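Data file: work.cif. Format and content: mmCIF, C-alpha atoms and all ligand atoms.
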```cif
data_work
loop_
_atom_site.group_PDB
_atom_site.id
_atom_site.type_symbol
_atom_site.label_atom_id
_atom_site.label_comp_id
_atom_site.auth_asym_id
_atom_site.auth_seq_id
_atom_site.Cartn_x
_atom_site.Cartn_y
_atom_site.Cartn_z
ATOM 1 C CA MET I 24 6.745 -5.351 26.793
ATOM 2 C CA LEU I 25 3.916 -3.930 24.657
ATOM 3 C CA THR I 26 3.707 -6.440 21.777
ATOM 4 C CA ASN I 27 0.701 -8.787 21.684
ATOM 5 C CA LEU I 28 -0.432 -7.946 25.202
ATOM 6 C CA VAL I 29 -3.743 -9.562 24.148
ATOM 7 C CA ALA I 30 -3.722 -12.711 21.991
ATOM 8 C CA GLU I 31 -5.988 -12.904 18.918
ATOM 9 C CA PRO I 32 -7.008 -15.940 16.754
ATOM 10 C CA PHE I 33 -5.017 -15.081 13.659
ATOM 11 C CA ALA I 34 -3.978 -18.727 13.225
ATOM 12 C CA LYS I 35 -7.580 -19.954 12.889
ATOM 13 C CA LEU I 36 -8.330 -17.160 10.404
ATOM 14 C CA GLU I 37 -5.401 -18.029 8.109
ATOM 15 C CA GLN I 38 -6.153 -21.759 8.373
ATOM 16 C CA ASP I 39 -9.740 -21.171 7.230
ATOM 17 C CA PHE I 40 -8.350 -18.985 4.408
ATOM 18 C CA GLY I 41 -5.945 -21.745 3.379
ATOM 19 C CA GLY I 42 -2.786 -19.646 3.420
ATOM 20 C CA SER I 43 -0.721 -17.146 5.404
ATOM 21 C CA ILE I 44 -1.749 -13.778 6.853
ATOM 22 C CA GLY I 45 0.744 -11.145 7.983
ATOM 23 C CA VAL I 46 -0.241 -8.254 10.275
ATOM 24 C CA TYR I 47 1.501 -5.359 11.967
ATOM 25 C CA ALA I 48 -0.469 -2.649 13.767
ATOM 26 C CA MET I 49 0.909 0.282 15.782
ATOM 27 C CA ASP I 50 -0.895 2.512 18.307
ATOM 28 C CA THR I 51 1.080 5.730 17.780
ATOM 29 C CA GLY I 52 0.104 7.078 21.203
ATOM 30 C CA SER I 53 1.416 4.383 23.522
ATOM 31 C CA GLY I 54 3.637 2.443 21.131
ATOM 32 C CA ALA I 55 1.696 -0.789 21.685
ATOM 33 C CA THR I 56 1.646 -3.207 18.762
ATOM 34 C CA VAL I 57 -0.088 -6.278 17.359
ATOM 35 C CA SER I 59 2.212 -8.549 15.345
ATOM 36 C CA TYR I 60 1.543 -11.817 13.460
ATOM 37 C CA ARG I 61 4.015 -13.083 10.821
ATOM 38 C CA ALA I 62 5.080 -9.434 10.797
ATOM 39 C CA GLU I 63 8.669 -9.953 9.601
ATOM 40 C CA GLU I 64 7.862 -12.432 6.812
ATOM 41 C CA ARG I 65 8.012 -11.223 3.207
ATOM 42 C CA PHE I 66 4.823 -10.888 1.139
ATOM 43 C CA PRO I 67 4.382 -9.599 -2.453
ATOM 44 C CA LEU I 68 3.610 -5.875 -2.667
ATOM 45 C CA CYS I 69 1.414 -6.185 -5.786
ATOM 46 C CA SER I 70 -0.099 -2.761 -6.526
ATOM 47 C CA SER I 71 0.549 -1.547 -2.942
ATOM 48 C CA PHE I 72 3.955 -0.232 -4.061
ATOM 49 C CA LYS I 73 2.088 2.654 -5.763
ATOM 50 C CA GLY I 74 1.430 4.427 -2.466
ATOM 51 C CA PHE I 75 5.145 4.576 -1.687
ATOM 52 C CA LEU I 76 5.770 5.649 -5.308
ATOM 53 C CA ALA I 77 3.525 8.693 -4.795
ATOM 54 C CA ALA I 78 5.370 9.530 -1.564
ATOM 55 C CA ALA I 79 8.692 9.386 -3.452
ATOM 56 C CA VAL I 80 7.300 11.821 -6.047
ATOM 57 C CA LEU I 81 6.217 14.173 -3.255
ATOM 58 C CA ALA I 82 9.684 13.939 -1.694
ATOM 59 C CA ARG I 83 11.289 14.937 -4.986
ATOM 60 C CA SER I 84 8.859 17.859 -5.313
ATOM 61 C CA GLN I 85 10.356 19.392 -2.152
ATOM 62 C CA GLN I 86 13.499 20.182 -4.180
ATOM 63 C CA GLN I 87 11.685 20.656 -7.544
ATOM 64 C CA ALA I 88 8.996 23.306 -7.051
ATOM 65 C CA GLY I 89 7.472 22.816 -10.505
ATOM 66 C CA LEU I 90 7.423 19.020 -10.544
ATOM 67 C CA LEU I 91 3.812 18.379 -9.523
ATOM 68 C CA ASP I 92 2.329 20.702 -12.186
ATOM 69 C CA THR I 93 4.500 19.369 -15.019
ATOM 70 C CA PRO I 94 2.329 18.074 -17.907
ATOM 71 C CA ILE I 95 3.126 14.536 -19.094
ATOM 72 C CA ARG I 96 2.020 13.294 -22.515
ATOM 73 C CA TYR I 97 1.974 9.602 -23.410
ATOM 74 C CA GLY I 98 1.132 7.336 -26.317
ATOM 75 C CA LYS I 99 -1.437 4.597 -26.670
ATOM 76 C CA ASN I 100 1.330 2.036 -26.044
ATOM 77 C CA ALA I 101 1.521 3.347 -22.460
ATOM 78 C CA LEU I 102 -2.043 2.212 -21.731
ATOM 79 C CA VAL I 103 -1.964 -1.221 -20.113
ATOM 80 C CA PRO I 104 -4.858 -3.135 -18.507
ATOM 81 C CA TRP I 105 -6.515 -1.313 -15.582
ATOM 82 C CA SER I 106 -5.652 2.296 -16.434
ATOM 83 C CA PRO I 107 -9.107 3.755 -15.681
ATOM 84 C CA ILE I 108 -8.047 7.421 -15.327
ATOM 85 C CA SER I 109 -5.091 7.749 -17.714
ATOM 86 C CA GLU I 110 -7.099 6.240 -20.589
ATOM 87 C CA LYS I 111 -9.467 9.234 -20.365
ATOM 88 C CA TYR I 112 -6.593 11.725 -20.868
ATOM 89 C CA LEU I 113 -4.657 9.873 -23.602
ATOM 90 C CA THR I 114 -5.359 12.678 -26.085
ATOM 91 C CA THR I 115 -4.514 15.496 -23.644
ATOM 92 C CA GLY I 116 -1.860 14.390 -21.134
ATOM 93 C CA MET I 117 -1.978 14.663 -17.329
ATOM 94 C CA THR I 118 0.141 16.412 -14.711
ATOM 95 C CA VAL I 119 2.569 14.576 -12.408
ATOM 96 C CA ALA I 120 0.223 15.288 -9.491
ATOM 97 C CA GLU I 121 -2.772 13.907 -11.411
ATOM 98 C CA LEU I 122 -0.802 10.768 -12.337
ATOM 99 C CA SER I 123 0.143 10.332 -8.655
ATOM 100 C CA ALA I 124 -3.448 10.742 -7.483
ATOM 101 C CA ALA I 125 -4.595 8.187 -10.094
ATOM 102 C CA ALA I 126 -1.914 5.672 -9.068
ATOM 103 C CA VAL I 127 -2.963 5.931 -5.390
ATOM 104 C CA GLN I 128 -6.751 6.310 -5.686
ATOM 105 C CA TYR I 129 -7.552 4.086 -8.694
ATOM 106 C CA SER I 130 -4.392 1.918 -8.774
ATOM 107 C CA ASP I 131 -3.901 3.221 -12.334
ATOM 108 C CA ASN I 132 -1.238 1.074 -13.999
ATOM 109 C CA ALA I 133 -0.195 3.381 -16.866
ATOM 110 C CA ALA I 134 0.138 6.247 -14.373
ATOM 111 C CA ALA I 135 2.306 4.152 -12.052
ATOM 112 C CA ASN I 136 4.584 3.103 -14.924
ATOM 113 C CA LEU I 137 5.075 6.700 -16.068
ATOM 114 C CA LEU I 138 5.975 7.808 -12.538
ATOM 115 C CA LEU I 139 8.290 4.825 -11.971
ATOM 116 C CA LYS I 140 10.168 5.876 -15.120
ATOM 117 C CA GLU I 141 10.494 9.427 -13.769
ATOM 118 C CA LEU I 142 12.026 8.206 -10.481
ATOM 119 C CA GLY I 143 14.642 5.994 -12.159
ATOM 120 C CA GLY I 144 12.795 2.680 -12.111
ATOM 121 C CA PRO I 145 12.480 0.021 -9.392
ATOM 122 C CA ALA I 146 15.957 0.803 -8.025
ATOM 123 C CA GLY I 147 15.010 4.483 -7.715
ATOM 124 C CA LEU I 148 11.920 3.711 -5.618
ATOM 125 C CA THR I 149 13.962 1.270 -3.510
ATOM 126 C CA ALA I 150 16.562 4.027 -2.978
ATOM 127 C CA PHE I 151 13.838 6.368 -1.697
ATOM 128 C CA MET I 152 12.696 3.758 0.822
ATOM 129 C CA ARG I 153 16.292 3.239 1.985
ATOM 130 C CA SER I 154 16.541 7.020 2.473
ATOM 131 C CA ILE I 155 13.748 6.916 5.094
ATOM 132 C CA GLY I 156 15.362 3.967 6.936
ATOM 133 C CA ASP I 157 13.438 1.042 5.395
ATOM 134 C CA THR I 158 15.961 -1.758 4.788
ATOM 135 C CA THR I 159 13.310 -4.407 3.940
ATOM 136 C CA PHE I 160 11.379 -2.991 0.966
ATOM 137 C CA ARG I 161 12.527 -4.020 -2.498
ATOM 138 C CA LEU I 162 11.060 -3.265 -5.917
ATOM 139 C CA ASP I 163 12.814 -5.213 -8.678
ATOM 140 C CA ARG I 164 10.618 -5.361 -11.783
ATOM 141 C CA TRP I 165 8.324 -3.151 -13.799
ATOM 142 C CA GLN I 166 4.569 -3.422 -13.829
ATOM 143 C CA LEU I 167 2.765 -6.566 -14.934
ATOM 144 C CA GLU I 168 5.849 -8.607 -14.202
ATOM 145 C CA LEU I 169 6.240 -7.591 -10.558
ATOM 146 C CA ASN I 170 2.908 -9.246 -9.580
ATOM 147 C CA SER I 171 3.984 -12.874 -10.195
ATOM 148 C CA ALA I 172 3.918 -13.559 -6.403
ATOM 149 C CA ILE I 173 6.058 -16.708 -6.744
ATOM 150 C CA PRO I 174 6.392 -18.694 -3.473
ATOM 151 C CA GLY I 175 9.766 -18.000 -1.866
ATOM 152 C CA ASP I 176 10.728 -15.198 -4.305
ATOM 153 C CA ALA I 177 11.895 -12.069 -2.473
ATOM 154 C CA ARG I 178 11.625 -9.804 -5.548
ATOM 155 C CA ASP I 179 8.966 -7.072 -5.231
ATOM 156 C CA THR I 180 8.219 -7.797 -1.565
ATOM 157 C CA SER I 181 8.272 -6.193 1.848
ATOM 158 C CA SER I 182 7.136 -7.184 5.360
ATOM 159 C CA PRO I 183 3.967 -6.008 7.149
ATOM 160 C CA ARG I 184 6.176 -4.457 9.834
ATOM 161 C CA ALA I 185 8.342 -2.443 7.412
ATOM 162 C CA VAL I 186 5.260 -1.303 5.452
ATOM 163 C CA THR I 187 3.661 -0.017 8.672
ATOM 164 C CA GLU I 188 6.874 1.620 9.926
ATOM 165 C CA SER I 189 7.427 3.423 6.609
ATOM 166 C CA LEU I 190 3.774 4.440 6.338
ATOM 167 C CA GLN I 191 3.986 5.985 9.816
ATOM 168 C CA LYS I 192 7.125 7.946 8.923
ATOM 169 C CA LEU I 193 5.559 9.329 5.719
ATOM 170 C CA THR I 194 2.043 10.168 7.010
ATOM 171 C CA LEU I 195 2.677 11.147 10.658
ATOM 172 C CA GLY I 196 6.438 11.499 11.116
ATOM 173 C CA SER I 197 9.048 13.768 9.560
ATOM 174 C CA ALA I 198 10.038 11.917 6.364
ATOM 175 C CA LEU I 199 8.068 14.432 4.256
ATOM 176 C CA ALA I 200 7.699 18.164 4.767
ATOM 177 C CA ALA I 201 4.348 19.227 6.194
ATOM 178 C CA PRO I 202 2.542 20.283 2.966
ATOM 179 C CA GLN I 203 3.699 17.130 1.162
ATOM 180 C CA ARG I 204 2.770 14.965 4.162
ATOM 181 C CA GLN I 205 -0.809 16.264 4.151
ATOM 182 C CA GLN I 206 -1.017 15.786 0.362
ATOM 183 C CA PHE I 207 0.007 12.134 0.779
ATOM 184 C CA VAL I 208 -2.605 11.694 3.529
ATOM 185 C CA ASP I 209 -5.260 13.334 1.329
ATOM 186 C CA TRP I 210 -4.499 11.001 -1.586
ATOM 187 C CA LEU I 211 -4.753 7.950 0.690
ATOM 188 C CA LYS I 212 -8.015 9.240 2.196
ATOM 189 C CA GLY I 213 -9.416 9.535 -1.336
ATOM 190 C CA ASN I 214 -8.688 5.936 -2.318
ATOM 191 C CA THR I 215 -11.621 4.230 -4.081
ATOM 192 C CA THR I 216 -10.429 0.591 -4.185
ATOM 193 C CA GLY I 217 -10.377 -0.380 -0.491
ATOM 194 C CA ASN I 218 -13.988 -0.281 0.720
ATOM 195 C CA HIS I 219 -14.067 -4.031 1.475
ATOM 196 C CA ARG I 220 -10.669 -4.283 3.248
ATOM 197 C CA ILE I 221 -9.349 -2.307 6.268
ATOM 198 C CA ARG I 222 -12.087 0.321 5.804
ATOM 199 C CA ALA I 223 -14.754 -2.367 6.381
ATOM 200 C CA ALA I 224 -13.363 -2.788 9.932
ATOM 201 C CA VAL I 225 -13.288 0.973 10.683
ATOM 202 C CA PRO I 226 -16.388 2.851 11.976
ATOM 203 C CA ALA I 227 -17.854 5.385 9.565
ATOM 204 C CA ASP I 228 -17.173 8.370 11.873
ATOM 205 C CA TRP I 229 -13.365 7.812 11.801
ATOM 206 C CA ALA I 230 -11.003 9.158 9.133
ATOM 207 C CA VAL I 231 -8.997 6.576 7.183
ATOM 208 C CA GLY I 232 -6.678 6.421 4.191
ATOM 209 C CA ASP I 233 -5.337 3.278 2.528
ATOM 210 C CA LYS I 234 -3.719 1.623 -0.484
ATOM 211 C CA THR I 235 -4.615 -1.860 -1.784
ATOM 212 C CA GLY I 236 -2.872 -4.577 -3.775
ATOM 213 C CA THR I 237 -4.124 -7.719 -5.579
ATOM 214 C CA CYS I 238 -1.657 -9.841 -7.564
ATOM 215 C CA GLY I 239 -4.240 -12.217 -9.110
ATOM 216 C CA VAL I 240 -2.358 -15.456 -8.257
ATOM 217 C CA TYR I 241 -1.306 -17.395 -5.152
ATOM 218 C CA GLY I 242 -4.115 -15.980 -2.989
ATOM 219 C CA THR I 243 -2.035 -12.797 -2.735
ATOM 220 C CA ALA I 244 -3.649 -9.479 -1.782
ATOM 221 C CA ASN I 245 -3.112 -6.735 0.781
ATOM 222 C CA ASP I 246 -4.023 -3.330 2.240
ATOM 223 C CA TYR I 247 -2.252 -0.778 4.442
ATOM 224 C CA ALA I 248 -3.859 2.157 6.211
ATOM 225 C CA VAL I 249 -3.663 5.045 8.644
ATOM 226 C CA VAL I 250 -6.775 5.291 10.849
ATOM 227 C CA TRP I 251 -7.792 8.235 13.073
ATOM 228 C CA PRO I 252 -10.162 7.026 15.840
ATOM 229 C CA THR I 254 -11.773 10.023 17.471
ATOM 230 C CA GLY I 255 -10.365 11.095 20.824
ATOM 231 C CA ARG I 256 -7.069 9.153 20.679
ATOM 232 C CA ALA I 257 -3.856 8.846 18.663
ATOM 233 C CA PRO I 258 -3.879 7.392 15.134
ATOM 234 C CA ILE I 259 -3.293 3.719 14.338
ATOM 235 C CA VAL I 260 -1.077 2.542 11.457
ATOM 236 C CA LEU I 261 -1.507 -1.008 10.141
ATOM 237 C CA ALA I 262 -0.727 -3.410 7.299
ATOM 238 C CA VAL I 263 -2.433 -6.690 6.324
ATOM 239 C CA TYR I 264 -0.854 -8.963 3.672
ATOM 240 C CA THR I 265 -1.896 -12.429 2.460
ATOM 241 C CA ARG I 266 -0.563 -15.243 0.268
ATOM 242 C CA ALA I 267 -1.311 -18.929 -0.322
ATOM 243 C CA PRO I 268 0.570 -21.960 -1.663
ATOM 244 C CA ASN I 269 -1.162 -22.738 -4.997
ATOM 245 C CA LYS I 270 -1.146 -20.523 -8.080
ATOM 246 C CA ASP I 271 -4.930 -20.760 -8.504
ATOM 247 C CA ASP I 272 -5.764 -20.107 -4.828
ATOM 248 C CA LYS I 273 -8.164 -17.161 -4.557
ATOM 249 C CA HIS I 274 -7.589 -14.038 -2.496
ATOM 250 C CA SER I 275 -10.228 -12.860 -0.008
ATOM 251 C CA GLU I 276 -11.204 -9.308 0.871
ATOM 252 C CA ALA I 277 -13.238 -10.590 3.843
ATOM 253 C CA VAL I 278 -10.127 -12.164 5.393
ATOM 254 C CA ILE I 279 -8.292 -8.824 5.166
ATOM 255 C CA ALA I 280 -11.161 -6.990 6.889
ATOM 256 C CA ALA I 281 -11.379 -9.696 9.565
ATOM 257 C CA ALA I 282 -7.622 -9.474 10.240
ATOM 258 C CA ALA I 283 -7.930 -5.687 10.589
ATOM 259 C CA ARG I 284 -10.757 -6.123 13.137
ATOM 260 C CA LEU I 285 -8.592 -8.535 15.157
ATOM 261 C CA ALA I 286 -5.706 -6.033 15.089
ATOM 262 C CA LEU I 287 -7.888 -3.199 16.418
ATOM 263 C CA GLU I 288 -9.298 -5.508 19.100
ATOM 264 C CA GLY I 289 -5.781 -6.527 20.133
ATOM 265 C CA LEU I 290 -4.846 -2.850 20.551
ATOM 266 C CA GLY I 291 -7.943 -2.215 22.706
ATOM 267 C CA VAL I 292 -9.419 0.244 20.216
ATOM 268 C CA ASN I 293 -13.197 0.183 20.598
ATOM 269 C CA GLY I 294 -14.766 0.022 17.142
HETATM 270 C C1 LIG G 301 -5.954 -4.748 -11.364
HETATM 271 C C2 LIG G 301 -5.846 -3.555 -10.408
HETATM 272 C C3 LIG G 301 -4.412 -3.203 -9.881
HETATM 273 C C4 LIG G 301 -3.446 -4.382 -9.578
HETATM 274 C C5 LIG G 301 -2.604 -4.104 -8.362
HETATM 275 O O1 LIG G 301 -2.563 -4.869 -7.374
HETATM 276 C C6 LIG G 301 -2.374 -4.503 -10.659
HETATM 277 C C7 LIG G 301 -1.577 -5.783 -10.538
HETATM 278 O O2 LIG G 301 -2.995 -4.437 -11.951
HETATM 279 N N1 LIG G 301 -4.688 -2.577 -8.567
HETATM 280 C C8 LIG G 301 -5.887 -2.844 -8.212
HETATM 281 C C9 LIG G 301 -6.257 -2.446 -6.846
HETATM 282 O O3 LIG G 301 -7.529 -2.245 -6.667
HETATM 283 O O4 LIG G 301 -5.427 -2.293 -6.013
HETATM 284 C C10 LIG G 301 -6.746 -3.665 -9.145
HETATM 285 S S1 LIG G 301 -6.906 -5.379 -8.482
HETATM 286 C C11 LIG G 301 -8.623 -5.321 -7.917
HETATM 287 C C12 LIG G 301 -9.079 -6.655 -7.286
HETATM 288 N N2 LIG G 301 -9.923 -7.381 -8.279
HETATM 289 C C13 LIG G 301 -10.276 -6.458 -9.367
HETATM 290 C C14 LIG G 301 -9.865 -7.009 -10.738
HETATM 291 O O5 LIG G 301 -10.567 -6.775 -11.704
HETATM 292 N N3 LIG G 301 -8.721 -7.716 -10.849
HETATM 293 C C15 LIG G 301 -8.030 -7.762 -12.140
HETATM 294 C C16 LIG G 301 -8.089 -8.468 -9.759
HETATM 295 C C17 LIG G 301 -9.618 -5.097 -9.082
#
```
What would you get if you wrote out this structure as structure tokens?
Amino acid sequence: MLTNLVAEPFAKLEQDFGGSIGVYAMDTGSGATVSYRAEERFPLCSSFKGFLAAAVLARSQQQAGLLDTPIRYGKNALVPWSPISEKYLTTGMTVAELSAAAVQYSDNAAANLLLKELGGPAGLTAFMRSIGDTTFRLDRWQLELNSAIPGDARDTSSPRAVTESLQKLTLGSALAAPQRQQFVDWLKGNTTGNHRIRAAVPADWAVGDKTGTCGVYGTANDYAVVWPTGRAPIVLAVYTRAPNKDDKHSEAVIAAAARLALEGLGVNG
């Protein structure tokens, strides 16, 4: 079949890193894939916020005024790493602005406000089930969901399910066309991923992504849609973890894993 037609040295990369690397990459033209630990669970960390914004967009298809609704919040809503929402504490922000901040700056207060609107972790999980993702689970609220405990399935997904859901939302039919392009535009505008998948992608190709970094257990990640010129887009996810709480994550390992995935698919970059 079309999985791992060309072998790549993922095992040496993760051994040098001192942990585990999980990769799934899909060439949406031919259906060829690269897969390494692709069905293992890894912590989502902040990467859940991309799917949160897609769930908001889905709701907006049946609530025409949702995106422009102004949301006010108190100082108690501001938690560490809320770089956009802290600048609008005294004014409020719209649902769309909160969604953009959650995707593009990983804004934590914004993500918490939107998670509340959707009915909490079970509400986001229900949205993912509604698009056919049976792997994703969000269980806790922010700044508890990033514990990344070895063997704990809470607040995890697999690289494969992340990629499959990302494809459905950005390129498939899970969102209506205007909402689909809005999701793509938010991902393209991300500011936090320059040293991850984007570092493996030539400058003349379009790319959108969402990052995550738990801060413990060498756990960090990135997922992306990439548009190489002259061929069909590629969807991919790269997740890492490591055995010890104080093990450090590595952005360079994520970029290197993305390069290996593109090489395995025969995409010249
Ligand atoms: C803290 C942000 C947030 C995160 C989600 O994973 C949640 C748990 O706060 N999202 C971020 C993302 O850029 O994705 C950033 S972590 C980034 C990697 N080192 C930087 C740093 O100063 N650290 C606290 C780790 C920024």
For this session: Name each residue within 8 Å of ligand LIG 301 (chain G), counting all atoms listed in the file, as a ChimeraX atom specification.
Result: /I:68-71,104-105,129-132,166-167,170,216-217,234-239,244
Quick one: write out the picked residues with C-alpha atoms as a PDB file, in the coordinates of the input?
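Output below, filename again.pdb:
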```pdb
ATOM      1  CA  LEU I  68       3.610  -5.875  -2.667  1.00  0.00           C
ATOM      2  CA  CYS I  69       1.414  -6.185  -5.786  1.00  0.00           C
ATOM      3  CA  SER I  70      -0.099  -2.761  -6.526  1.00  0.00           C
ATOM      4  CA  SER I  71       0.549  -1.547  -2.942  1.00  0.00           C
ATOM      5  CA  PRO I 104      -4.858  -3.135 -18.507  1.00  0.00           C
ATOM      6  CA  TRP I 105      -6.515  -1.313 -15.582  1.00  0.00           C
ATOM      7  CA  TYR I 129      -7.552   4.086  -8.694  1.00  0.00           C
ATOM      8  CA  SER I 130      -4.392   1.918  -8.774  1.00  0.00           C
ATOM      9  CA  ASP I 131      -3.901   3.221 -12.334  1.00  0.00           C
ATOM     10  CA  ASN I 132      -1.238   1.074 -13.999  1.00  0.00           C
ATOM     11  CA  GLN I 166       4.569  -3.422 -13.829  1.00  0.00           C
ATOM     12  CA  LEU I 167       2.765  -6.566 -14.934  1.00  0.00           C
ATOM     13  CA  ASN I 170       2.908  -9.246  -9.580  1.00  0.00           C
ATOM     14  CA  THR I 216     -10.429   0.591  -4.185  1.00  0.00           C
ATOM     15  CA  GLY I 217     -10.377  -0.380  -0.491  1.00  0.00           C
ATOM     16  CA  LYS I 234      -3.719   1.623  -0.484  1.00  0.00           C
ATOM     17  CA  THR I 235      -4.615  -1.860  -1.784  1.00  0.00           C
ATOM     18  CA  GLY I 236      -2.872  -4.577  -3.775  1.00  0.00           C
ATOM     19  CA  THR I 237      -4.124  -7.719  -5.579  1.00  0.00           C
ATOM     20  CA  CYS I 238      -1.657  -9.841  -7.564  1.00  0.00           C
ATOM     21  CA  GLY I 239      -4.240 -12.217  -9.110  1.00  0.00           C
ATOM     22  CA  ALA I 244      -3.649  -9.479  -1.782  1.00  0.00           C
TER      23      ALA I 244
END
```
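Using only C-alpha atoms, the shortest contact distance between residue 66 of chain I and any of I:174, I:89, I:156, I:202 is found at I:174.
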For this session: Excluding segment 262-272 of chain I and any residue of its chain fewer than 6 positions from it, enumerate the residues within 7 Å of it, using only C-alpha atoms, and give them as a ChimeraX atom specification.
Result: /I:41-48,66,174,183,186-187,240-248,279
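Among the candidates I:134, I:190, I:162, I:142, the one nearest to residue 74 of chain I when counting all atoms listed in the file is I:190.
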Box for segment 45-61 of chain I - axis-aligned, 8 Å on each of the six sides, all listed atoms - centre and size in Å to one decimal, as JSON.
```
{"center_x": 1.6, "center_y": -3.0, "center_z": 15.8, "size_x": 20.9, "size_y": 36.2, "size_z": 31.5}
```
Problem set entry | Test item: the PyMOL selection byres (((chain I and resi 283-291) around 8) and not hetatm) resolved as a list in words | residues 27, 28, 29, 30, 31, 32, 33, 46, 47, 48, 50, 55, 56, 57, 220, 221, 224, 225, 261, 263, 279, 280, 281, 282, 292, 293 and 294 of chain I
Prev. selection, C-alpha atoms, output as a JSON list (two decimals), keeping the file's coordinate frame:
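As written to disk, result01.json reads:
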```
[["chain", "number", "residue", "atom", "x", "y", "z"],
["I", 27, "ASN", "CA", 0.70, -8.79, 21.68],
["I", 28, "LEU", "CA", -0.43, -7.95, 25.20],
["I", 29, "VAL", "CA", -3.74, -9.56, 24.15],
["I", 30, "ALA", "CA", -3.72, -12.71, 21.99],
["I", 31, "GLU", "CA", -5.99, -12.90, 18.92],
["I", 32, "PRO", "CA", -7.01, -15.94, 16.75],
["I", 33, "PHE", "CA", -5.02, -15.08, 13.66],
["I", 46, "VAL", "CA", -0.24, -8.25, 10.28],
["I", 47, "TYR", "CA", 1.50, -5.36, 11.97],
["I", 48, "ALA", "CA", -0.47, -2.65, 13.77],
["I", 50, "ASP", "CA", -0.90, 2.51, 18.31],
["I", 55, "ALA", "CA", 1.70, -0.79, 21.68],
["I", 56, "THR", "CA", 1.65, -3.21, 18.76],
["I", 57, "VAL", "CA", -0.09, -6.28, 17.36],
["I", 220, "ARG", "CA", -10.67, -4.28, 3.25],
["I", 221, "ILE", "CA", -9.35, -2.31, 6.27],
["I", 224, "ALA", "CA", -13.36, -2.79, 9.93],
["I", 225, "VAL", "CA", -13.29, 0.97, 10.68],
["I", 261, "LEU", "CA", -1.51, -1.01, 10.14],
["I", 263, "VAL", "CA", -2.43, -6.69, 6.32],
["I", 279, "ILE", "CA", -8.29, -8.82, 5.17],
["I", 280, "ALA", "CA", -11.16, -6.99, 6.89],
["I", 281, "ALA", "CA", -11.38, -9.70, 9.56],
["I", 282, "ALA", "CA", -7.62, -9.47, 10.24],
["I", 292, "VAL", "CA", -9.42, 0.24, 20.22],
["I", 293, "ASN", "CA", -13.20, 0.18, 20.60],
["I", 294, "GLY", "CA", -14.77, 0.02, 17.14]]
```
Could you make a table, as CSV, of the residues of segment 100-181 of chain I that have an atom within 7 Å of an atom of segment 207-213 of chain I, each with its nearest atom pair and distance in Å to one decimal, counting all atoms listed in the file, in chain and number order?
```
residue,atom,partner,partner_atom,distance
I:124,CA,I:210,CA,6.0
I:127,CA,I:210,CA,6.5
I:128,CA,I:213,CA,6.0
```
Would you mind exporting the chosen residues as a compact mmCIF listing (two decimals), keeping the file's coordinate frame, restricted to C-alpha atoms?
```txt
# COMPACT_ATOMS: atom_id res chain seq x y z
CA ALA I 124 -3.45 10.74 -7.48
CA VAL I 127 -2.96 5.93 -5.39
CA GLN I 128 -6.75 6.31 -5.69
```
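Counting all atoms listed in the file, the residue from I:85, I:118, I:109, I:254 that sits nearest to residue 230 of chain I is I:254.
Shortest separation to residue 72 of chain I among I:145, I:258, I:252, I:196 occurs at residue I:145, atoms counted being only C-alpha atoms.
Reported to one decimal place, the separation of atom CA of residue 175 of chain I from atom CA of residue 35 of chain I is 22.9 Å.
The two atoms in question, atom CA of residue 34 of chain I and atom CA of residue 276 of chain I, are spaced 17.1 Å apart.
In this comparison, which uses all atoms listed in the file, the residue of I:176, I:49, I:64, I:133 approaching residue 189 of chain I most closely is I:49.
Here atom CA of residue 52 of chain I and atom CA of residue 257 of chain I stand 5.0 Å from one another.
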For this session: Please write the residues picked by the PyMOL selection byres (((chain I and resi 95-101) around 12) and not hetatm) on this file as number ranges by chain.
Result: I: 90-94, 102-106, 109-123, 131-138, 140-141, 166
Problem set entry | Shell around residue 182 of chain I at 6 Å using all atoms listed in the file, local window under 3 positions removed, as a PyMOL selection string | chain I and resi 63-65+185
For this session: Would you translate the PyMOL selection byres (((chain I and resi 161) around 10) and not hetatm) into the concrete set of residues it matches in this file, as a PyMOL selection string?
Result: chain I and resi 67-68+72+145-146+148-150+152-153+157-160+162-164+177-181
For this session: Mind checking which residues fall within 10 Å of residue 199 of chain I, counting all atoms listed in the file, ignoring those fewer than 6 positions away in the same chain, and posting them as a list in words?
Result: residues 78, 79, 81, 82, 83, 85, 155, 192, 193, 205, 206 and 207 of chain I
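Candidate residues I:191, I:200, I:60, I:255 were compared for distance to residue 86 of chain I, and the nearest is I:200, using only C-alpha atoms.
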